[PDB]
Structure formats: structure tokens, C-alpha cells
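J.: After the C-alpha cells below, expect a handful of questions from me.
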Protein chains: 2
Amino acid sequence: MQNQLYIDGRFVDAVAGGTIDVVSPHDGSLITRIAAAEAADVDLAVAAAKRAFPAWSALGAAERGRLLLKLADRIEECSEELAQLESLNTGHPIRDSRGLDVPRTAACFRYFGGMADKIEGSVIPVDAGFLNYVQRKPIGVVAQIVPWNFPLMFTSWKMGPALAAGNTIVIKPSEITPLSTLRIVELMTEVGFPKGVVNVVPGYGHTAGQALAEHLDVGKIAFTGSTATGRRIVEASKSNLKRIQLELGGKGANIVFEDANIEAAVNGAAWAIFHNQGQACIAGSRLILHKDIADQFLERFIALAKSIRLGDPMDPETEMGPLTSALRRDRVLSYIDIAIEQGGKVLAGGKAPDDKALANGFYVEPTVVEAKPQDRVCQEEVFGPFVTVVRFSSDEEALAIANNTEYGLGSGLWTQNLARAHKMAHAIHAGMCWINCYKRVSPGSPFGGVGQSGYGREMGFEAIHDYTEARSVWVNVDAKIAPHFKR
Amino acid sequence: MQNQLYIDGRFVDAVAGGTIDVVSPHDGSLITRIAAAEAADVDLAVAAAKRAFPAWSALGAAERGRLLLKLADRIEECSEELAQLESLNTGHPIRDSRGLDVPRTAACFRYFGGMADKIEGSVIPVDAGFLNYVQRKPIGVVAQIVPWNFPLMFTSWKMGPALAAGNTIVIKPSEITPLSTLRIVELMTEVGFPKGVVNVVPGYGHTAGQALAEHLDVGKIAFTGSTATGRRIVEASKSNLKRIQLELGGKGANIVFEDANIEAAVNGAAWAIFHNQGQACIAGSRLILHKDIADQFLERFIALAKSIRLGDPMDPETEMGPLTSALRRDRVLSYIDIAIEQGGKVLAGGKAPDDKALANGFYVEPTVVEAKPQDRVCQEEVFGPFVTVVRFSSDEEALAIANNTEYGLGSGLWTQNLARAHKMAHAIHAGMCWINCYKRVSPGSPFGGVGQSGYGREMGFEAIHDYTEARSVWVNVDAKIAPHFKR
Ligand SMILES: NC(=O)c1ccc[n+]([C@@H]2O[C@H](COP(=O)([O-])OP(=O)(O)OC[C@H]3O[C@@H](n4cnc5c(N)ncnc54)[C@H](O)[C@@H]3O)[C@@H](O)[C@H]2O)c1
Ligand SMILES: NC(=O)c1ccc[n+]([C@@H]2O[C@H](COP(=O)([O-])OP(=O)(O)OC[C@H]3O[C@@H](n4cnc5c(N)ncnc54)[C@H](O)[C@@H]3O)[C@@H](O)[C@H]2O)c1
């Protein structure tokens, strides 16, 4: 439905009339045309935000909170309208859009609604006679850039904290999946959000994206994307030394020890990499199995893989859908051919679906490939339904395999040994680690990377901190200075 | 005195024999020759640090704490030895090195010594049957770069937090003022700090400094310097997306209202800009006086300015010394000539004093210049004993003046009106604001900039947070999720 820029509370076309095609991943069909934002457009969106900020941040915190709260209830009223718009644009089964994407986007906004007035300053114990209080205040206009894997969920992950804190926002979704988030802004002002407090500006990365990260009135830039692109954001920020949050990606590891609950681990590991058609940043795209249970696991796992109802996203009975862009699909498939050239033994799937109906879309089937570590495809992020299997025999060997990546966003492990579980989670260099479960998120629990998967967290009290400055104020009440320059 | 690199617990020469002259700002005399660190040298210092990290962070926190605590006591034992070494190298009057520089360096280390085992993780309220605890862990190798205005104090400001947190350090002081901090590392290992846990690598900005910010094993780079140089640090960090802390400087404002206590304000304002020969970032290099008290203030202020015992840093009766480098002296003086070309009326000092002994050192005398805002010298940081005076008539005009800068790091204001004091401190865009006092710091009270004076704080619980990652661990104890892919 909606498809234009949203600047200062009005849906407007791109200043230079720019346009971008938004396609359905299921049949290649055109869904609609997006107003394509360019430098001149963001200049406006940011100016709109800059203008709206003083009044917005001047609102009592409780008020910003109440609006977020209503937005959350409102998103649930339009539960189906949204789940449908999203799954259509991204290829997410409605199985997911209805039960995950939407409720978790609302739950997140609700969290931060209840958060806005619980952000407290502090009073520092200090020299006698002085009073040092430190206020925690909004940074200013905040620029946010997201990818296209959870377009809907990201709106809550990203704007949720920034808004509660009192910041004013300019957000550029994925030229590939803007539709979802455009409806959200409408829902915002429907619920009472002042004009200009939020501004959506879909557009190419090197136009909208770059113009945004470079902008001189933008006080912080919050980016979720690839390591490659993260560097172009860092470069951009040097213009006015704006703060940065980097949510780059990772090759999440998924270890299964000898004493694991094979059934639960197969189901977890399958949900881990295959849910959301493998386009999860936290996706366990590296399996790591103990020798003694490796065979027994793959028997049950591969079976499960081949029996996955893959098809039309709009089918309530569809378990897995297509990749969200034609490009990627391509990419992935080349990553598969590559894994074979290095001696990979493809154990399930491996190419596009046989079906005539299926090949109108960017589909690829559940792929599992046996390999060695230090292989090219066990290092670089294959952003698809693609799992590599390796085997280990000692705890220490498993840790070594899990840490031999330049990526450390997420990882998990399956055991029933008290010591082993905690020892491992402590040793693995990763921003988060799941035991006997996987891909569990929750607003309030810090979500972010470590090292080359970036800095800054989303979700928690941590998230709020990232969107807030510290004004320190000293008041001399009862302490009398003795002149430094003694008369 | 002590003059070589310090890498892996040994004083060593630069790998390529490089050398740098360290001069006394009082007479131009040579003090000694510093081993000049270059790329190859930091490669070692960082490797030493990377190696020492595992063991160091593995120590119980309380242990790291105890060492910091002893280092603080030890620094006070060598109180004079250091105050003397510092004031000699920097031109800081001893009266200042003895009573300020040294005790505040110890105090800060002592703070963070008591802090190391009070850094707590958190346990998140989460879905029933799960247990989500979030540990707060060290980053790894931390690189720190400092300027030359408080060489001694910075060692505590910077390494204090980083070490307590469990990080391992590689620090590049100011080629111009390395001596002070070299002694400190010796003191560290004297007190029991493992070899490699701290590494000092004095050297040129574009050799040591650049190689350090670019290094791929460095997990965070903490920089204190100029806005100009800050951008080169941001560029460098794109190599491995290392975290950044920036403390670029600022043109601190110092407002005096009609109802001020004008004696106390003259003494504060004088201490503000002239203490430490004006080479304070937080230095009030912009006076702002109400019409009704402007004249009366300057009468008392200018008198005080001209009556400032300016001379030999080693004289216990010296009130103000030289600038720490010949290049600054020269820049500065040019900034003075500039203020005149724009119609500035120099009210006190204005050129190099013309004394005998002082004709050899990089001296400049207390300068006060009447001007208008928007003038070139009221915008750019004159890093010297240099105050510009402007006048205002309404509160609102004063705020406008104080905010018309790119910089936002130091502000102060003098009033006795409850409302005015708080309203103002809340409106001024600055990371910290002092009322009826100035340049008051304290470990525990966050010290940092806002906007183009950078991000990140030193000195507080905040400071600890900037030197620490968040590992989130999920444990499934009583969870029986339906398999996502329903059989
Ligand atoms: N850390 C997390 O929580 C998290 C969550 C979801 C996805 N991801 C990561 O997202 C990635 C997928 O997205 P991608 O393949 O399109 O990478 P990408 O960096 O090219 O695209 C991401 C977004 O940034 C914008 N962009 C592209 N180039 C830009 C530029 N030069 N300047 C400014 N902005 C620009 C795009 O328009 C887009 O919407 C993965 O590698 C994955 O791991 C991370
Ligand atoms: N915000 C604060 O807490 C704070 C505290 C003290 C000083 N300051 C600011 O610091 C300034 C003084 O420093 P400056 O005039 O010598 O400029 P500067 O930034 O060049 O010098 C400071 C340090 O930066 C390092 N450095 C320089 N060039 C580098 C490069 N190309 N790559 C990596 N590292 C490099 C140097 O080797 C040096 O020791 C002031 O303007 C002042 O207000 C800010």
C-alpha cells in the first residue's frame, strides 16, 4: 500500500522523483514502486528531525513512554494487516510473520514504552560542600540504517530505545524491504507521535545511506549490516565524529556434545539455521558434532531437512520460504558450488527446488554440507539456509573450532554437564551464547556482537545507555574556594 | 631520567634506534633523549599485551584491584620524585605538580583500585524456565593515546579504568611529555604488575600513534586529543572495527551574571583559564560578563592577571610557568596577533614577557582580550593563557553565546539565583557544567564531551562500562519448546 518517503509527518515523493522497484520473492512479481531517497531527501528528513527534537525531548519522559505503549497495542490491532504486508515483501512464511515477526515487534516497543521513564541519572559522592548530579539526556537526532532480514522487527529493536530516551529519528530501511517499516511510521503518527519525530527514507545504500552517515546534524549513527559496509559507516562518521553503533554479522556456531539430548538438539539446530530461510544474523550456519553422536544426529537431522514444506510465503502451511532478493539467492548458490570445489559432501538439498511453481521465486532448498574447518565456506557468512557440518572429539577441540572465526555474534551449545556448559559459554568469544536452546531473544537482554561483529547492544538497559549522553553538573553550596593564585 | 620504551616489563631501545629530543620548556635546554617508537615497536608492545591478557584478566578482580591500590600508595611515596620529574618536563609549577598533578593521579588510581571488584553483571527477567545471566568481561588489548597537558594525571585517568576492568594496555604518551608516564610503568611493575600488562611506547603521532590505532589485535582505541586528529583515529579504526573513545577538546565558556559573588568569580575565572598555563581542555577560554558587572569585574580580574608570578617551574613560588612546546608558544602568539587584526582590545599581557631568564623558555604572559562572539578567536581553541571577554544583557543572550561553538566539553556559570543556575546548566550543550566554581574534577564523576568534543566518559562507573563487553548467556533449565518445524 504505502510506498513513499515519510518526512515531517507526510508521505511525500522523492525530491528528484527517484524510484525503486519492490519485488515479491515468491514469483518475481512487482509489488510496487518505492520513492527513492537521495542526499537532498535526507537533508530534509534530518532537518525535520532536528526541528522536532527540542519539543519531543522536552516532553515528560512518561509521555514518550505512553506513546510507545499505545503504538504497541496498535501494532497488535493491525496484527494481520502487518504480518501479511511483511511476509509478502520478504518471503517470510505467515507461519512466522503472524507468530514471531509481529508479536516480537510489539513486545519490544512495549518494553521500551515502559522504559522511557525509568532511565535515571545519578548523584556522585563528592568533595564536601559540593553537589554533583549527572543527568542522562537524549543525544540528539539519531540516524538508523537496517538490513532486510527482519525489516519489521528492526523497527522496534532500533527506534524503541532511541525514542524512549528522547531522541528524534531518521531511519533508512532496506531498499529491498521498506514496505513493512513505512506502515509502522503511519501507525506511529496515528497513535499520536508528533510530526518529524520519526522520518523514514527508503533508498539505495550509497545514496540515502551514505548521505545519512555523513550528515553533520546527526549525533549518532546506528547501523546493522555487513562487516564490509560497517567500515564505510566508520569512514562517514569522521565528518562530525558522530557516535556509532555497529551490528555487523556473524557465522554463529552450534555445538552438540556427546551427552546432548539428540532429539531437542536436532529440533533446535534445525530451527537455528532454517527458520527465516537462514537469513538470520544469529543463524547457526556452522554445526559442530561430537564423533560418537555425529552419525546418529545427521540421520535425524537430514531427514528433518528434506521434509520441510518449502513454498509460497502466503501459505499458512509453508514452513520455509524464498530468499528476499534475487541477488542473494545467486550469491548463496555460488557459495554452494564453492563448498564442493573444496571437497564438500552435500548431505541434503544443494540446489533450487525442482517444482515449476517454486521456480518463479528466489527459492533455495535446505542445504547441509559436510566439510572441514578452515574451509572457505566455514569462514564467510553464507546468508542462507546453509549449514556446514564438522566433527570434534574433545571439549578443547570444539572451543578451538568455534573461536576460529573473525565473527562473534552468536553461538550455542547442547549438553547436560553443568561444568561443560558454563566453562564453554565463558570461553567462547561471542556476544551471546545459548545452552540447550538457540536464537532466543528478549527485550531487556543485550543483543550485539564482539570484536569484528561490532560494538553496542540492543534490547536492554544497555540499549538505552547507547542512545544517551551524560551531563555532569556541579553545584558549589557550602565549600569556599581558597584562591588558587594566592593574592 | 628514565627514557626508553617499556615493553613486556623491560626498558628497551626502539627497534630501529629511532630517537626523539625531550626539552625543558623553561630554558630550551635538552632534558634527555627518548627512544622513538615506530610501527615495528608497537607490533611488539601489542603482542606483549595480547600475550599477557589471558592471565591478567583471569586473576580474580580483587587482585587487579589490590595492585592498583598499592600503585596509588606507591605513587604518593614517590610524591616529590614525580612532582619534580613532571614539572620539569612540562613547565608545570611545582606548587601545582606537588598539590594537584600528583595527588589527583594517586587518588584516581585508588578509586579504580577500589572499583575493580564492584563491576557487576546482571541477571535478566526472562521467559519462564530460562536463566539469562549477562557477564561483564574485559575487551582484551586496549590502546591509549594521550596529549601533553596532564601527562601524569592522564596515566591514572586512562589506565585506571582499563586495568581495573581486566584489560591489558599499550599506551603512547606525548613524544613531548613521555618522561612522567615512563616512571609510572616502572612503579607499576615495582608494585607487582605482571610483565606485558602495561606497555609504554612514546613516539611521533604518525608513527607510533597511527600504527597503534590501525593495529588488528587492538580491541578498542581510547584517544584524547584534538578534533582534527580524532578523525584520523576514526579512519584508522575501520581496520578491524575497534571500539573508540574520543575526548577531543573544547572552548569552555565561563558566564558571570549580575548577581554573582564577584570576588569568588574573579578567583575562579582566573584559576579556570590561567592554571596550568591555560593548556587545559576544560579551561574557560571564553569569559562572558553581564553589562552591569562587566567593568567592575575586569578591574579586579585584570589587576589579578598582571600580578601573576610568572617564571621558572622549579620555583615553589612560581604561580604560572611556560607553554610545554616551542610550537605552541608560536601558534598561540599568532592567535593573539589574529585577535587584534579583528579589532580585539588587549586588556592584559599580550606578548612574551620580556624578562631575562624567561627569554629562553616558551613563555607567554596572562592575556585577556576584549572581543565580539563569532570572532575567529572565540571559536577555535587557543590552547594557552588566553581569555576572550564578551558582554551580554539577558539570560537568553548568554545561553546563545555559550552554545555558538562547535565544542561542548567545559562550561561554568556564576549566580546566586536557584532557577537561573539550574535552567542554564540544563540548556547549555556541554558534557559538564560548574556552578559557582570551575575545573572541579573527581574520580567517579563522568568526564567527557558532547557532540564534536567526542564520545565516552572517563572517571566514573561510566568509565568502567567503556572498557568492557557484555557476554549474554542463556540456560534452558525447564523449557520444552514445540519443535519449530512440526515433525
Ligand atoms: N548484528 C545484528 O543484530 C544483525 C541483525 C540482522 C542482520 N545482520 C547482518 O546484516 C547483513 C545483511 O545485509 P546486507 O547483505 O544487504 O549488507 P549491507 O551492509 O550492504 O546492507 C545493509 C543496509 O545498509 C545500507 N547500505 C548499503 N550500503 C551503504 C553505504 N555505502 N553507506 C550507508 N549505508 C549503506 C543498505 O541500503 C541496507 O539497507 C548480514 O551480513 C548480517 O549478519 C546483523
Ligand atoms: N576532552 C578531554 O578530556 C581533553 C583532555 C586534555 C586535552 N584535550 C585536547 O587536546 C588538545 C592538545 O593536543 P595537540 O595540540 O598536541 O594535538 P594532537 O591530537 O596531535 O596531540 C595529542 C596526541 O595525539 C597523538 N597523535 C597525533 N597524531 C596522531 C596520528 N596521526 N595518529 C595517531 N595518533 C596521533 C600524538 O602522538 C599525541 O601524543 C587540545 O586542543 C585540548 O583541549 C582534551
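Basis: the model, the stated rules and, where named, an outside source; none is laboratory data. We place every Cβ from the backbone using ideal geometry, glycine too, and count neighbours over all the protein chains shown.
J.: Can you name the residue in region A:236-262 that is more than 30 Å from B:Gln245 (Cα to Cα) and either small (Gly, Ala, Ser) or in contact with a strand residue (DSSP E or B) (Cβ under 6 Å, 6 or more places away or on another chain) (or both) and, of all such residues, is farthest from ligand 1 (Cβ to nearest atom)?
T.: Of region A:236-262, the ones more than 30 Å from B:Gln245 (Cα to Cα) are A:253-262.
Keeping just the survivors that are either small (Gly, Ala, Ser) or in contact with a strand residue (DSSP E or B) (Cβ under 6 Å, 6 or more places away or on another chain) (or both) gives A:253-258, A:260.
Numbers: A:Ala253: 14, A:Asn254: 16, A:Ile255: 20, A:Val256: 23, A:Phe257: 26, A:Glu258: 30, A:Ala260: 26 Å.
Among residues in region A:236-262 that are more than 30 Å from B:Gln245 (Cα to Cα) and either small (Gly, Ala, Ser) or in contact with a strand residue (DSSP E or B) (Cβ under 6 Å, 6 or more places away or on another chain) (or both), the one farthest from ligand 1 (Cβ to nearest atom) is A:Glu258.
J.: Considering only region A:294-313, state which residues are away from chain B (no Cβ under 13 Å), without any contact (Cβ under 8 Å) to a residue 60 or more places away in the chain and assigned to a helix (DSSP H, G or I).
T.: A:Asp295, A:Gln296, A:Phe297, A:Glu299
J.: If you scan region B:201-220, which residues turn out to be more than 7 Å from ligand 2 (Cβ to nearest atom) and assigned to a helix (DSSP H, G or I)?
T.: Answer for region B:201-220, where residues must be more than 7 Å from ligand 2 (Cβ to nearest atom) and assigned to a helix (DSSP H, G or I): B:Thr207, B:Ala211, B:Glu214.
J.: Could you look through region A:221-246, keep only residues that are assigned to a strand (DSSP E or B) and at the interface with another protein chain (Cβ under 8 Å from one of its Cβ atoms), and pick out the one that is farthest from the chain's Cα centre (by Cα)? Outline the logic, then answer.
T.: The first filter runs over region A:221-246 and keeps only residues assigned to a strand (DSSP E or B), leaving A:221-224, A:243-246.
Subsequent filtering for residues that are at the interface with another protein chain (Cβ under 8 Å from one of its Cβ atoms) retains A:243-244, A:246.
Details: A:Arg243: 18, A:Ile244: 15, A:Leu246: 10 Å.
Selected residue: A:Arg243.
J.: So, in region B:263-293, of the ones that are surrounded by fewer than 20 Cβ atoms within 10 Å (Cβ to Cβ) and either more than 27 Å from the chain's Cα centre (by Cα) or not in a helix (DSSP H, G or I) (or both), which residue ends up farthest from ligand 1 (Cβ to nearest atom)?
T.: Here the residue is B:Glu263.
J.: If B:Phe109 satisfies all but one of (1) aromatic (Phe, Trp, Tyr); (2) in contact (Cβ under 8 Å) with a residue 60 or more places away in the chain; (3) under 24 Å from B:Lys50 (Cα atoms), what's the number of the condition it fails?
T.: Failed condition: (2).
J.: Of the residues that sit in region A:266-293 and are more than 21 Å from A:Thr405 (Cβ to Cβ) and of a type in the set (A, V, I, L, M), which one is farthest from the other protein chains (Cβ to nearest Cβ)?
T.: Going through the qualifying residues, I end up with A:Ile293.
J.: Do the conditions hold for A:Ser394, that is, is it hydroxyl-bearing (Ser, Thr, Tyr), closer than 25 Å to A:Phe257 by Cβ and within 9 Å of chain B (Cβ to nearest Cβ)?
T.: So A:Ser394 fails the test.
J.: Something else now. I need the full set of residues from region A:326-360 which are touching a helix residue (DSSP H, G or I) at 6+ places or on another chain (Cβ under 9 Å) and within 14 Å of A:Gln279 (Cβ to Cβ), in order please.
T.: Once the filter is applied, which keeps residues that are touching a helix residue (DSSP H, G or I) at 6+ places or on another chain (Cβ under 9 Å) and within 14 Å of A:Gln279 (Cβ to Cβ), region A:326-360 yields A:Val332, A:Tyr335.
J.: Collect the residues in region A:222-242 that are buried (at least 23 other Cβ atoms within 10 Å of the Cβ) and within 28 Å of A:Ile75 (Cβ to Cβ), keeping them in residue-number order.
T.: A:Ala222, A:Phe223, A:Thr224
J.: For region B:117-152, which positions are surrounded by 21 or more Cβ atoms within 10 Å (Cβ to Cβ) and either more than 14 Å from chain A (Cβ to nearest Cβ) or of a type in the set (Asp, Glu) (or both)?
T.: Answer for region B:117-152, where residues must be surrounded by 21 or more Cβ atoms within 10 Å (Cβ to Cβ) and either more than 14 Å from chain A (Cβ to nearest Cβ) or of a type in the set (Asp, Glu) (or both): B:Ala143, B:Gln144, B:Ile145, B:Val146, B:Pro147, B:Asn149, B:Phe150, B:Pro151, B:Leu152.
J.: I want to confirm something. Restricting to region A:209-220 and keeping residues that are under 14 Å from A:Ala49 (Cβ atoms) and either near ligand 1 (Cβ under 8 Å from one of its atoms) or in contact with a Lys or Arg (Cβ under 7 Å, 6 or more places away or on another chain) (or both), which single residue is farthest from the other protein chains (Cβ to nearest Cβ)?
T.: Step by step, filter region A:209-220, then rank; the result is A:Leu212.
J.: What are the residues in region A:447-487 that are closer than 26 Å to A:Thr168 by Cβ and either β-branched (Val, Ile, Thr) or not assigned by CATH to the domain that holds A:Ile221 (or both), if any?
T.: Taking region A:447-487 and keeping what is closer than 26 Å to A:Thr168 by Cβ, we get A:447-448, A:454-473.
The answer is A:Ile464, A:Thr468, A:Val473.
J.: Looking at (1) in contact (Cβ under 8 Å) with a residue 60 or more places away in the chain; (2) within 13 Å of another protein chain (Cβ to nearest Cβ), which one does B:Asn254 not meet, given that it meets all the others?
T.: It is condition (2) that B:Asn254 fails.
Residue by residue, here is whether (1) surrounded by 15 or more Cβ atoms within 10 Å (Cβ to Cβ); (2) outside the structural domain of B:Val256 (by CATH); (3) away from ligand 2 (no atom under 16 Å from the Cβ) holds:
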residue: B:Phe386; (1), (2), (3): yes, no, no
residue: B:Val389; (1), (2), (3): yes, no, yes
residue: B:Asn404; (1), (2), (3): no, no, yes
residue: B:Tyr407; (1), (2), (3): yes, no, no
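J.: A follow-up question, please. Applying the selection to region B:449-465, what residues are more than 7 Å from chain A (Cβ to nearest Cβ) and within 13 Å of ligand 2 (Cβ to nearest atom)?
T.: Residues satisfying the conditions are B:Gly449, B:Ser453, B:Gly456, B:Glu458, B:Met459, B:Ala463.
J.: I'd like the full set of residues that are crowded, with 24+ Cβ neighbours inside 10 Å and within 12 Å of ligand 1 (Cβ to nearest atom), limited to region A:431-445.
T.: A:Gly431, A:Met432
J.: Right, here's the next one. Within region B:446-466, can you find the residues that are farther than 16 Å from B:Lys158 by Cβ and assigned to a loop (DSSP other than H, G, I, E, B)? Explain how you work it out, then say what you get.
T.: We begin by selecting, within region B:446-466, every residue farther than 16 Å from B:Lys158 by Cβ; these are B:450-453, B:461.
The answer is B:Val450, and nothing else.
J.: In addition: Just checking, which of B:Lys439, B:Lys486 is farther than 30 Å from A:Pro483 by Cα, assigned to a loop (DSSP other than H, G, I, E, B) and more than 7 Å from chain A (Cβ to nearest Cβ)? So that I can check it myself, show each step before the final result.
T.: Details: B:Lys439 fails: farther than 30 Å from A:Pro483 by Cα.
Just one listed residue meets the conditions, B:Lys486.
J.: Taking region B:93-146 only, how many residues are in contact with a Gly (Cβ under 8 Å, 6 or more places away or on another chain) and more than 21 Å from B:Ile464 (Cα to Cα)?
T.: 3
J.: Does region A:90-98 include one or more residues that are farther than 28 Å from A:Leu310 by Cβ and of a type in the set (A, V, I, L, M)?
T.: No: zero hits.
J.: Being surrounded by 24 or more Cβ atoms within 10 Å (Cβ to Cβ) and out of contact with any strand residue (DSSP E or B) (no Cβ under 6 Å at 6 or more places or on another chain) is the filter; apply it to region A:458-479 and report the residue that is farthest from A:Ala143 (Cα to Cα).
T.: A:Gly460
J.: What are the pairs, 6+ residues apart or on separate chains, where a residue within region A:220-231 that is not assigned by CATH to the domain that holds A:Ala208 and among the acidic types (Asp, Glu) has its Cβ under 7 Å from a residue that is more than 16 Å from ligand 2 (Cβ to nearest atom) and not in a strand (DSSP E or B)?
T.: Close Cβ pairs satisfying both conditions: none exist.
J.: Regarding region B:96-116, can at least one residue be identified that is more than 14 Å from chain A (Cβ to nearest Cβ) and acidic (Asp, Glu)?
T.: No, that holds for no residue.
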